>>> print(open('model02.cif').read())   # mmCIF, C-alpha atoms and all ligand atoms; chains and numbers go by the auth columns
data_entry
#
loop_
_atom_site.group_PDB
_atom_site.id
_atom_site.type_symbol
_atom_site.label_atom_id
_atom_site.label_comp_id
_atom_site.label_asym_id
_atom_site.label_seq_id
_atom_site.Cartn_x
_atom_site.Cartn_y
_atom_site.Cartn_z
_atom_site.B_iso_or_equiv
_atom_site.auth_seq_id
_atom_site.auth_asym_id
ATOM 1 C CA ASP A 1 11.643 23.591 149.887 0.00 1 W
ATOM 2 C CA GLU A 2 9.605 26.654 148.935 0.00 2 W
ATOM 3 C CA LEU A 3 11.747 27.603 145.892 0.00 3 W
ATOM 4 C CA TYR A 4 11.205 24.042 144.544 0.00 4 W
ATOM 5 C CA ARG A 5 7.516 24.085 145.308 0.00 5 W
ATOM 6 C CA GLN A 6 6.895 27.459 143.664 0.00 6 W
ATOM 7 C CA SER A 7 9.137 26.563 140.652 0.00 7 W
ATOM 8 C CA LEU A 8 7.296 23.172 140.132 0.00 8 W
ATOM 9 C CA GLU A 9 3.925 24.992 140.368 0.00 9 W
ATOM 10 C CA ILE A 10 4.955 27.433 137.630 0.00 10 W
ATOM 11 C CA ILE A 11 6.698 24.878 135.390 0.00 11 W
ATOM 12 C CA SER A 12 3.993 22.195 135.790 0.00 12 W
ATOM 13 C CA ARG A 13 1.187 24.669 135.001 0.00 13 W
ATOM 14 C CA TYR A 14 2.943 26.008 131.893 0.00 14 W
ATOM 15 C CA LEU A 15 3.803 22.582 130.451 0.00 15 W
ATOM 16 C CA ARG A 16 0.255 21.245 131.052 0.00 16 W
ATOM 17 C CA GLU A 17 -1.478 24.287 129.625 0.00 17 W
ATOM 18 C CA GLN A 18 0.750 24.268 126.486 0.00 18 W
ATOM 19 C CA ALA A 19 0.087 20.527 126.007 0.00 19 W
ATOM 20 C CA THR A 20 -3.722 20.606 126.472 0.00 20 W
ATOM 21 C CA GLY A 21 -4.660 24.169 125.536 0.00 21 W
ATOM 22 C CA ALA A 22 -6.582 24.511 128.810 0.00 22 W
ATOM 23 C CA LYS A 23 -5.847 26.886 131.717 0.00 23 W
ATOM 24 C CA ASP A 24 -5.650 25.172 135.106 0.00 24 W
ATOM 25 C CA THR A 25 -8.226 26.979 137.273 0.00 25 W
ATOM 26 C CA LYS A 26 -7.281 25.421 140.569 0.00 26 W
ATOM 27 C CA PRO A 27 -5.988 27.785 143.306 0.00 27 W
ATOM 28 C CA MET A 28 -2.314 28.460 143.703 0.00 28 W
ATOM 29 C CA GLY A 29 -0.276 27.955 146.861 0.00 29 W
ATOM 30 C CA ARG A 30 1.500 30.841 148.437 0.00 30 W
ATOM 31 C CA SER A 31 3.348 33.475 146.307 0.00 31 W
ATOM 32 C CA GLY A 32 0.532 32.820 143.823 0.00 32 W
ATOM 33 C CA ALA A 33 0.669 36.531 142.870 0.00 33 W
ATOM 34 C CA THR A 34 4.295 36.095 141.684 0.00 34 W
ATOM 35 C CA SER A 35 3.415 32.687 140.152 0.00 35 W
ATOM 36 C CA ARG A 36 0.649 34.311 138.159 0.00 36 W
ATOM 37 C CA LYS A 37 2.879 37.004 136.596 0.00 37 W
ATOM 38 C CA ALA A 38 5.567 34.382 135.988 0.00 38 W
ATOM 39 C CA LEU A 39 2.928 32.434 133.985 0.00 39 W
ATOM 40 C CA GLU A 40 1.857 35.492 132.134 0.00 40 W
ATOM 41 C CA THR A 41 5.544 36.032 131.317 0.00 41 W
ATOM 42 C CA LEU A 42 5.999 32.401 130.145 0.00 42 W
ATOM 43 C CA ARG A 43 2.939 32.578 127.872 0.00 43 W
ATOM 44 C CA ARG A 44 4.226 35.797 126.381 0.00 44 W
ATOM 45 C CA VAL A 45 7.966 34.992 126.101 0.00 45 W
ATOM 46 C CA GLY A 46 7.953 31.142 126.147 0.00 46 W
ATOM 47 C CA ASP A 47 5.525 30.907 123.274 0.00 47 W
ATOM 48 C CA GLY A 48 7.877 33.124 121.181 0.00 48 W
ATOM 49 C CA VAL A 49 10.996 31.115 122.232 0.00 49 W
ATOM 50 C CA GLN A 50 9.317 27.961 120.851 0.00 50 W
ATOM 51 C CA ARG A 51 8.564 29.754 117.552 0.00 51 W
ATOM 52 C CA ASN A 52 11.936 31.352 117.222 0.00 52 W
ATOM 53 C CA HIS A 53 13.902 28.141 118.042 0.00 53 W
ATOM 54 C CA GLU A 54 11.499 25.755 116.331 0.00 54 W
ATOM 55 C CA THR A 55 14.213 24.121 114.089 0.00 55 W
ATOM 56 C CA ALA A 56 16.637 23.564 116.894 0.00 56 W
ATOM 57 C CA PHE A 57 13.837 22.300 119.223 0.00 57 W
ATOM 58 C CA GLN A 58 12.526 19.839 116.634 0.00 58 W
ATOM 59 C CA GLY A 59 16.075 18.590 116.109 0.00 59 W
ATOM 60 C CA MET A 60 16.625 17.966 119.787 0.00 60 W
ATOM 61 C CA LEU A 61 13.211 16.321 120.186 0.00 61 W
ATOM 62 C CA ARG A 62 14.169 13.838 117.421 0.00 62 W
ATOM 63 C CA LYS A 63 17.221 12.798 119.459 0.00 63 W
ATOM 64 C CA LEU A 64 15.096 11.824 122.504 0.00 64 W
ATOM 65 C CA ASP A 65 13.482 8.529 123.034 0.00 65 W
ATOM 66 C CA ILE A 66 10.893 8.805 125.832 0.00 66 W
ATOM 67 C CA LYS A 67 8.998 5.549 126.282 0.00 67 W
ATOM 68 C CA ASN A 68 8.502 5.408 130.033 0.00 68 W
ATOM 69 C CA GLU A 69 9.301 7.286 133.260 0.00 69 W
ATOM 70 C CA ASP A 70 12.750 5.665 133.437 0.00 70 W
ATOM 71 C CA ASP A 71 13.458 7.425 130.106 0.00 71 W
ATOM 72 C CA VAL A 72 12.203 10.750 131.582 0.00 72 W
ATOM 73 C CA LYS A 73 14.726 10.323 134.341 0.00 73 W
ATOM 74 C CA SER A 74 17.468 9.471 131.840 0.00 74 W
ATOM 75 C CA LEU A 75 16.741 12.840 130.052 0.00 75 W
ATOM 76 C CA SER A 76 17.796 14.620 133.065 0.00 76 W
ATOM 77 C CA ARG A 77 21.402 13.573 132.202 0.00 77 W
ATOM 78 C CA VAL A 78 21.152 15.600 128.954 0.00 78 W
ATOM 79 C CA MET A 79 19.330 18.460 130.680 0.00 79 W
ATOM 80 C CA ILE A 80 21.992 18.862 133.401 0.00 80 W
ATOM 81 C CA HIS A 81 24.880 18.673 130.979 0.00 81 W
ATOM 82 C CA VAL A 82 23.541 21.143 128.331 0.00 82 W
ATOM 83 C CA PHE A 83 22.018 23.557 130.917 0.00 83 W
ATOM 84 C CA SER A 84 25.191 23.541 133.167 0.00 84 W
ATOM 85 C CA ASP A 85 27.567 24.409 130.247 0.00 85 W
ATOM 86 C CA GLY A 86 27.953 28.151 129.572 0.00 86 W
ATOM 87 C CA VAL A 87 26.621 31.546 130.787 0.00 87 W
ATOM 88 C CA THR A 88 23.811 31.708 133.482 0.00 88 W
ATOM 89 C CA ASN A 89 21.064 34.162 132.687 0.00 89 W
ATOM 90 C CA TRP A 90 17.313 34.297 132.534 0.00 90 W
ATOM 91 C CA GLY A 91 17.368 33.484 128.781 0.00 91 W
ATOM 92 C CA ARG A 92 18.887 30.091 129.608 0.00 92 W
ATOM 93 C CA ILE A 93 16.109 29.446 132.071 0.00 93 W
ATOM 94 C CA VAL A 94 13.319 30.436 129.784 0.00 94 W
ATOM 95 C CA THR A 95 14.868 28.234 127.047 0.00 95 W
ATOM 96 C CA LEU A 96 14.937 25.262 129.429 0.00 96 W
ATOM 97 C CA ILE A 97 11.261 25.689 130.296 0.00 97 W
ATOM 98 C CA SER A 98 10.131 26.515 126.708 0.00 98 W
ATOM 99 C CA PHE A 99 11.723 23.338 125.381 0.00 99 W
ATOM 100 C CA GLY A 100 9.932 21.567 128.250 0.00 100 W
ATOM 101 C CA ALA A 101 6.602 22.905 126.854 0.00 101 W
ATOM 102 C CA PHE A 102 7.675 21.857 123.322 0.00 102 W
ATOM 103 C CA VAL A 103 8.350 18.302 124.540 0.00 103 W
ATOM 104 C CA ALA A 104 5.125 18.180 126.653 0.00 104 W
ATOM 105 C CA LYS A 105 3.031 19.103 123.561 0.00 105 W
ATOM 106 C CA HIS A 106 4.674 16.219 121.670 0.00 106 W
ATOM 107 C CA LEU A 107 4.122 13.796 124.581 0.00 107 W
ATOM 108 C CA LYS A 108 0.357 14.706 124.560 0.00 108 W
ATOM 109 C CA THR A 109 0.096 14.042 120.765 0.00 109 W
ATOM 110 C CA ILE A 110 1.572 10.490 121.178 0.00 110 W
ATOM 111 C CA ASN A 111 -0.689 9.560 123.995 0.00 111 W
ATOM 112 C CA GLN A 112 1.857 10.031 126.712 0.00 112 W
ATOM 113 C CA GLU A 113 0.111 12.906 128.499 0.00 113 W
ATOM 114 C CA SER A 114 1.161 10.962 131.568 0.00 114 W
ATOM 115 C CA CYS A 115 4.849 11.686 131.242 0.00 115 W
ATOM 116 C CA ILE A 116 4.302 15.375 131.494 0.00 116 W
ATOM 117 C CA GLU A 117 4.195 15.613 135.305 0.00 117 W
ATOM 118 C CA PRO A 118 7.442 13.568 135.680 0.00 118 W
ATOM 119 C CA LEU A 119 8.993 15.761 132.928 0.00 119 W
ATOM 120 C CA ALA A 120 8.089 18.899 134.859 0.00 120 W
ATOM 121 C CA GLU A 121 9.606 17.459 138.048 0.00 121 W
ATOM 122 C CA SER A 122 12.839 16.617 136.281 0.00 122 W
ATOM 123 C CA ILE A 123 13.094 20.149 134.769 0.00 123 W
ATOM 124 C CA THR A 124 12.437 21.774 138.130 0.00 124 W
ATOM 125 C CA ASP A 125 14.898 19.439 139.884 0.00 125 W
ATOM 126 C CA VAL A 126 17.612 20.330 137.376 0.00 126 W
ATOM 127 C CA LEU A 127 16.868 24.065 137.565 0.00 127 W
ATOM 128 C CA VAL A 128 17.033 24.236 141.374 0.00 128 W
ATOM 129 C CA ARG A 129 19.919 21.747 141.756 0.00 129 W
ATOM 130 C CA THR A 130 22.121 23.599 139.340 0.00 130 W
ATOM 131 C CA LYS A 131 21.098 27.268 139.850 0.00 131 W
ATOM 132 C CA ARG A 132 19.635 27.657 143.420 0.00 132 W
ATOM 133 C CA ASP A 133 22.257 30.183 144.576 0.00 133 W
ATOM 134 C CA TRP A 134 22.000 32.279 141.413 0.00 134 W
ATOM 135 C CA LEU A 135 18.141 32.140 141.607 0.00 135 W
ATOM 136 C CA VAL A 136 18.151 33.323 145.228 0.00 136 W
ATOM 137 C CA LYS A 137 20.635 36.193 144.374 0.00 137 W
ATOM 138 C CA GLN A 138 18.282 37.228 141.559 0.00 138 W
ATOM 139 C CA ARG A 139 15.114 37.291 143.770 0.00 139 W
ATOM 140 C CA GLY A 140 13.769 34.041 142.315 0.00 140 W
ATOM 141 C CA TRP A 141 10.552 34.343 140.290 0.00 141 W
ATOM 142 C CA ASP A 142 10.173 37.990 141.192 0.00 142 W
ATOM 143 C CA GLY A 143 13.464 38.539 139.382 0.00 143 W
ATOM 144 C CA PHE A 144 12.245 36.504 136.394 0.00 144 W
ATOM 145 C CA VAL A 145 9.134 38.632 136.084 0.00 145 W
ATOM 146 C CA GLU A 146 11.073 41.916 136.475 0.00 146 W
ATOM 147 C CA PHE A 147 13.622 40.822 133.833 0.00 147 W
ATOM 148 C CA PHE A 148 11.014 40.258 131.089 0.00 148 W
ATOM 149 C CA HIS A 149 8.736 43.113 132.307 0.00 149 W
ATOM 150 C CA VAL A 150 6.973 45.432 129.919 0.00 150 W
HETATM 151 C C1 LIG B . 22.074 37.555 125.535 0.00 1 K
HETATM 152 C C2 LIG B . 22.063 36.053 125.650 0.00 1 K
HETATM 153 N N1 LIG B . 23.094 35.228 125.404 0.00 1 K
HETATM 154 N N2 LIG B . 22.716 33.885 125.617 0.00 1 K
HETATM 155 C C3 LIG B . 21.423 33.816 126.006 0.00 1 K
HETATM 156 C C4 LIG B . 20.649 32.566 126.329 0.00 1 K
HETATM 157 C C5 LIG B . 20.914 35.208 126.055 0.00 1 K
HETATM 158 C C6 LIG B . 19.543 35.661 126.429 0.00 1 K
HETATM 159 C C7 LIG B . 19.357 36.599 127.441 0.00 1 K
HETATM 160 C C8 LIG B . 18.082 37.038 127.808 0.00 1 K
HETATM 161 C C9 LIG B . 16.924 36.567 127.190 0.00 1 K
HETATM 162 C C10 LIG B . 17.034 35.629 126.173 0.00 1 K
HETATM 163 C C11 LIG B . 16.024 34.948 125.337 0.00 1 K
HETATM 164 C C12 LIG B . 14.521 35.097 125.368 0.00 1 K
HETATM 165 C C13 LIG B . 14.052 35.772 124.085 0.00 1 K
HETATM 166 C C14 LIG B . 14.310 37.273 124.130 0.00 1 K
HETATM 167 O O1 LIG B . 14.211 37.732 125.476 0.00 1 K
HETATM 168 C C15 LIG B . 13.315 38.715 125.802 0.00 1 K
HETATM 169 C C16 LIG B . 11.997 38.646 125.368 0.00 1 K
HETATM 170 C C17 LIG B . 11.078 39.644 125.695 0.00 1 K
HETATM 171 C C18 LIG B . 11.423 40.755 126.465 0.00 1 K
HETATM 172 C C19 LIG B . 12.718 40.910 126.943 0.00 1 K
HETATM 173 C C20 LIG B . 13.086 42.005 127.712 0.00 1 K
HETATM 174 C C21 LIG B . 14.398 42.112 128.167 0.00 1 K
HETATM 175 C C22 LIG B . 15.352 41.140 127.866 0.00 1 K
HETATM 176 C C23 LIG B . 15.029 40.025 127.099 0.00 1 K
HETATM 177 C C24 LIG B . 13.733 39.879 126.625 0.00 1 K
HETATM 178 C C25 LIG B . 16.851 34.078 124.458 0.00 1 K
HETATM 179 C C26 LIG B . 16.198 33.205 123.443 0.00 1 K
HETATM 180 O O2 LIG B . 14.949 33.142 123.410 0.00 1 K
HETATM 181 O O3 LIG B . 16.914 32.556 122.650 0.00 1 K
HETATM 182 N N3 LIG B . 18.164 34.226 124.736 0.00 1 K
HETATM 183 C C27 LIG B . 18.349 35.120 125.731 0.00 1 K
HETATM 184 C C1 LIG B . 20.414 21.977 120.585 0.00 2 K
HETATM 185 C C2 LIG B . 20.059 23.435 120.456 0.00 2 K
HETATM 186 N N1 LIG B . 20.500 24.282 119.512 0.00 2 K
HETATM 187 N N2 LIG B . 19.958 25.569 119.707 0.00 2 K
HETATM 188 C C3 LIG B . 19.147 25.580 120.791 0.00 2 K
HETATM 189 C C4 LIG B . 18.384 26.760 121.328 0.00 2 K
HETATM 190 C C5 LIG B . 19.158 24.204 121.347 0.00 2 K
HETATM 191 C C6 LIG B . 18.422 23.705 122.543 0.00 2 K
HETATM 192 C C7 LIG B . 17.383 22.787 122.406 0.00 2 K
HETATM 193 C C8 LIG B . 16.679 22.305 123.513 0.00 2 K
HETATM 194 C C9 LIG B . 16.970 22.709 124.816 0.00 2 K
HETATM 195 C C10 LIG B . 17.994 23.623 125.028 0.00 2 K
HETATM 196 C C11 LIG B . 18.537 24.238 126.256 0.00 2 K
HETATM 197 C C12 LIG B . 18.101 24.025 127.686 0.00 2 K
HETATM 198 C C13 LIG B . 19.077 23.083 128.380 0.00 2 K
HETATM 199 C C14 LIG B . 18.810 21.634 127.986 0.00 2 K
HETATM 200 O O1 LIG B . 17.412 21.368 128.072 0.00 2 K
HETATM 201 C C15 LIG B . 16.932 20.120 127.772 0.00 2 K
HETATM 202 C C16 LIG B . 17.755 19.167 127.181 0.00 2 K
HETATM 203 C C17 LIG B . 17.273 17.894 126.872 0.00 2 K
HETATM 204 C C18 LIG B . 15.960 17.507 127.135 0.00 2 K
HETATM 205 C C19 LIG B . 15.066 18.393 127.725 0.00 2 K
HETATM 206 C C20 LIG B . 13.752 18.032 127.996 0.00 2 K
HETATM 207 C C21 LIG B . 12.897 18.958 128.588 0.00 2 K
HETATM 208 C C22 LIG B . 13.332 20.241 128.915 0.00 2 K
HETATM 209 C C23 LIG B . 14.639 20.648 128.662 0.00 2 K
HETATM 210 C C24 LIG B . 15.524 19.756 128.072 0.00 2 K
HETATM 211 C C25 LIG B . 19.620 25.118 125.739 0.00 2 K
HETATM 212 C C26 LIG B . 20.435 25.934 126.681 0.00 2 K
HETATM 213 O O2 LIG B . 20.408 25.659 127.901 0.00 2 K
HETATM 214 O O3 LIG B . 21.124 26.874 126.229 0.00 2 K
HETATM 215 N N3 LIG B . 19.703 25.032 124.394 0.00 2 K
HETATM 216 C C27 LIG B . 18.781 24.175 123.905 0.00 2 K
#
>>> encode(input="model02.cif", output="structure tokens", more="lines below")
Ligand SMILES: Cc1n[nH]c(C)c1-c1cccc2c(CCCOc3cccc4ccccc34)c(C(=O)O)[nH]c12
Ligand SMILES: Cc1n[nH]c(C)c1-c1cccc2c(CCCOc3cccc4ccccc34)c(C(=O)O)[nH]c12
Amino acid sequence: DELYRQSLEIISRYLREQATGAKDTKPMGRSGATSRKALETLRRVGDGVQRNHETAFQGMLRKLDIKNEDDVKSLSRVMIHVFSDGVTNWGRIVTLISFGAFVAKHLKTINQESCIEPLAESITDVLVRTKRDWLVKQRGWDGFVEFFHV
């Protein structure tokens, strides 16, 4: 599943980098050129989403109890419901991933750096399960990068 693999690469890298501060230097798989600009776009736009929605993000983070990987999987119930309701557009997707980064940074501060990879898998699973046809119609990550271009 190449859309899943590329999406997990992009989402995983962004959440880990936000949480640790460090860029992951390891090589990308294929479509790495698109994955790179998608990461550039996340750093640029995603960082501002977290600032601009800080109150709402902190409020949702308070409502989440994440003690183990079973609780990461339980979150996916909230993620599917809130993300499935409403209009589909690239703003929804960048919000989904930016709140992922906001949660991963918290998970690192509480010594749960380990839940970050499962969190990224859940986010990617929800994104592709709910929006695969729309994502393909929009040229996937090439569409994401074009949308936020400039
Ligand atoms: C119109 C609407 N209704 N509901 C939702 C969700 C959206 C929506 C639609 C599109 C984007 C967003 C965003 C991201 C922040 C602003 O986006 C941009 C940032 C930088 C350059 C851009 C160049 C072109 C277009 C957007 C850009 C948000 C958000 O952060 O809250 N919401 C968006
Ligand atoms: C409550 C509220 N008020 N104003 C805004 C902005 C928010 C808000 C706060 C947080 C996330 C969102 C989303 C994305 C869909 C739901 O994503 C998640 C829900 C639960 C756990 C998660 C753990 C990791 C990653 C994603 C998660 C939206 C949206 O889709 O429009 N809005 C959100």
>>> residues_near_ligand(input="model02.cif", ligand="ligand LIG 1 (chain K)", cutoff="9 Å", atoms="only C-alpha atoms and all ligand atoms", output="MDAnalysis selection string")
chainID W and resid 41 44:46 48:50 52:53 86:95 98 146:150
>>> atom_distance(input="model02.cif", atom1="atom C9 of ligand LIG 2 (chain K)", atom2="CA of residue 59 (chain W)")
9.7 Å
>>> resolve_selection(input="model02.cif", expression="the PyMOL selection byres (((chain W and resi 2-4) around 12) and not hetatm)", output="PyMOL selection string")
chain W and resi 1+5-12+29-31+35+120-129+131-133+135-136+139-142
>>> residues_near_ligand(input="model02.cif", ligand="ligand LIG 2 (chain K)", cutoff="7 Å", atoms="only C-alpha atoms and all ligand atoms", output="list in words")
residues 53, 56, 57, 60, 75, 76, 78, 79, 80, 82, 83, 92, 95, 96, 97, 99, 100, 103, 119 and 123 of chain W
>>> atom_distance(input="model02.cif", atom1="CA of residue 16 (chain W)", atom2="CA of residue 42 (chain W)")
12.6 Å
>>> atom_distance(input="model02.cif", atom1="CA of residue 69 (chain W)", atom2="CA of residue 108 (chain W)")
14.5 Å
>>> closest_residue(input="model02.cif", among="W:34, W:116, W:28, W:138", to="residue 102 (chain W)", atoms="only C-alpha atoms")
W:116
>>> closest_residue(input="model02.cif", among="W:22, W:15, W:38, W:66", to="residue 111 (chain W)", atoms="only C-alpha atoms")
W:66
>>> axis_aligned_box(input="model02.cif", around="region 73-83 of chain W", padding_each_side="6 Å", output="JSON")
{"center_x": 19.8, "center_y": 16.5, "center_z": 131.3, "size_x": 22.2, "size_y": 26.1, "size_z": 18.0}
>>> closest_residue(input="model02.cif", among="W:130, W:27, W:118, W:13", to="residue 73 (chain W)", atoms="all atoms listed in the file")
W:118
>>> closest_residue(input="model02.cif", among="W:14, W:101, W:37, W:143", to="residue 61 (chain W)", atoms="all atoms listed in the file")
W:101
>>> closest_residue(input="model02.cif", among="W:24, W:107, W:17, W:32", to="residue 68 (chain W)", atoms="only C-alpha atoms")
W:107
>>> decode(input="model02.cif", residues="region 14-96 of chain W", atoms="C-alpha atoms", output="compact mmCIF listing (two decimals), in the first residue's frame")
# COMPACT_ATOMS: atom_id res chain seq x y z
CA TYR W 14 7.00 15.11 11.32
CA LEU W 15 5.71 13.86 14.68
CA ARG W 16 9.18 12.58 15.73
CA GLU W 17 11.01 15.71 14.67
CA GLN W 18 8.48 17.98 16.48
CA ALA W 19 8.77 15.83 19.63
CA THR W 20 12.60 15.62 19.76
CA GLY W 21 13.73 18.72 17.89
CA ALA W 22 16.00 16.56 15.71
CA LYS W 23 15.77 15.99 11.94
CA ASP W 24 15.77 12.33 10.92
CA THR W 25 18.70 11.99 8.48
CA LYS W 26 17.97 8.49 7.32
CA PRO W 27 17.16 8.02 3.59
CA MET W 28 13.62 8.11 2.35
CA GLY W 29 11.87 5.40 0.36
CA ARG W 30 10.52 6.14 -3.05
CA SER W 31 8.69 9.45 -3.81
CA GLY W 32 11.17 10.90 -1.31
CA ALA W 33 11.25 14.10 -3.42
CA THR W 34 7.50 14.62 -2.79
CA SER W 35 7.93 13.48 0.85
CA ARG W 36 10.61 16.09 1.34
CA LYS W 37 8.46 19.02 0.11
CA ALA W 38 5.52 17.66 2.09
CA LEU W 39 7.77 17.88 5.20
CA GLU W 40 8.90 21.33 4.32
CA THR W 41 5.20 22.22 3.99
CA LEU W 42 4.33 20.64 7.38
CA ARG W 43 7.15 22.50 9.16
CA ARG W 44 5.99 25.74 7.61
CA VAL W 45 2.19 25.34 7.90
CA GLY W 46 1.88 22.72 10.71
CA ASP W 47 3.97 24.73 13.11
CA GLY W 48 1.62 27.73 12.56
CA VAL W 49 -1.54 25.54 12.93
CA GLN W 50 -0.28 24.47 16.39
CA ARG W 51 0.28 28.13 17.36
CA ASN W 52 -2.96 29.39 15.96
CA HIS W 53 -5.09 26.59 17.53
CA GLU W 54 -3.09 26.29 20.73
CA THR W 55 -6.14 26.80 23.07
CA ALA W 56 -8.31 24.31 21.30
CA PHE W 57 -5.40 21.79 21.05
CA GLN W 58 -4.57 22.07 24.75
CA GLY W 59 -8.25 21.56 25.55
CA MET W 60 -8.47 18.40 23.49
CA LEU W 61 -5.18 17.07 24.89
CA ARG W 62 -6.62 17.43 28.42
CA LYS W 63 -9.53 15.16 27.44
CA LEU W 64 -7.20 12.29 26.41
CA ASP W 65 -5.82 9.72 28.69
CA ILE W 66 -2.94 7.88 26.96
CA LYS W 67 -1.29 5.40 29.31
CA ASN W 68 -0.43 2.53 26.98
CA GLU W 69 -0.74 1.39 23.35
CA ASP W 70 -4.28 0.11 23.98
CA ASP W 71 -5.17 3.74 24.80
CA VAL W 72 -3.49 4.91 21.54
CA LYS W 73 -5.75 2.53 19.69
CA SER W 74 -8.79 3.76 21.62
CA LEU W 75 -7.97 7.36 20.43
CA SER W 76 -8.56 6.31 16.98
CA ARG W 77 -12.31 6.17 17.85
CA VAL W 78 -12.23 9.94 18.55
CA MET W 79 -10.00 10.62 15.54
CA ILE W 80 -12.33 8.83 13.09
CA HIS W 81 -15.46 10.44 14.46
CA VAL W 82 -14.19 14.08 14.58
CA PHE W 83 -12.22 13.82 11.28
CA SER W 84 -15.13 12.09 9.38
CA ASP W 85 -17.71 14.79 10.37
CA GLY W 86 -17.85 17.79 8.02
CA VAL W 87 -16.12 19.20 4.89
CA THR W 88 -13.05 17.37 3.34
CA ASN W 89 -10.20 19.66 2.43
CA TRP W 90 -6.48 19.93 2.92
CA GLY W 91 -6.99 22.16 6.00
CA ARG W 92 -8.70 19.24 7.75
CA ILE W 93 -5.75 17.04 6.95
CA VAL W 94 -3.13 19.45 8.11
CA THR W 95 -5.13 19.97 11.35
CA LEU W 96 -5.20 16.20 11.94
